[PDB]
Every structure is written in C-alpha cells, then in structure tokens.
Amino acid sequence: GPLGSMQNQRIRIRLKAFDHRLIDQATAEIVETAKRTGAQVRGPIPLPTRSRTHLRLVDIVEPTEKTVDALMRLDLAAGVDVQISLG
C-alpha cells in the first residue's frame, strides 16, 4: 500500500457542499470511519466563505491500511464534493 511510501502519515480531506446537513453527516461518517480503524482525527474544522458553499477540512493521522481501505469504500451523499490527499 501507499502508506509505506508516505513521508507524512496523514490523510487530508476537504469537503464542499450546498447543504450543511449533508456536509455535517459526511464529516461525521469520515470521522467514524477513521476511528473504527484505529486512526486519529485532527479537526474537523469548517472554513469561512462569503458564498452559499459550506467547507470542511479534516486530517486523518496515524492511519492504518484498514483506514485507507475503509475511506476508499465510503459513499458520500450526492451534493457533497470531496478532495483526498495522501500528502
């Protein structure tokens, strides 16, 4: 897996949505997913914007192989956009 070739053991996840209920549930599921697999969570935080878009940032640290696997099988609600970096 890519985790062994990763200098920074971190999964950074950015969410965008028009509906704050959907973005809050998506964020909750990401956190639950991370913790069930024994990873830790930094954030999540909401970012200010002057538009009708809601923004969330969450970092998953000390991930395990099952974390990556579980994140890659996770379905987000339509209306929620995602960006994932294994930076």
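We number the residues from 1 along the sequence you see.
Asks: Ranked by Cα temperature factor within the chain, is residue 78 in the lowest third, the middle third or the highest third?
Replies: Lowest third, going by the recorded CA B-factors of the chain.
Asks: By the recorded C-alpha temperature factor, relative to the other modelled residues in its chain, which third is residue 40 in?
Replies: Middle third.
Asks: Mind checking which third residue 72 falls in for C-alpha B-factor across the chain?
Replies: According to the entry, residue 72 has a C-alpha B-factor in the chain's highest third.
Asks: Can you work out whether the C-alpha temperature factor of residue 49 puts it in the lowest, middle or highest third of the chain?
Replies: For residue 49, the deposited C-alpha B-factor lands in the highest third.
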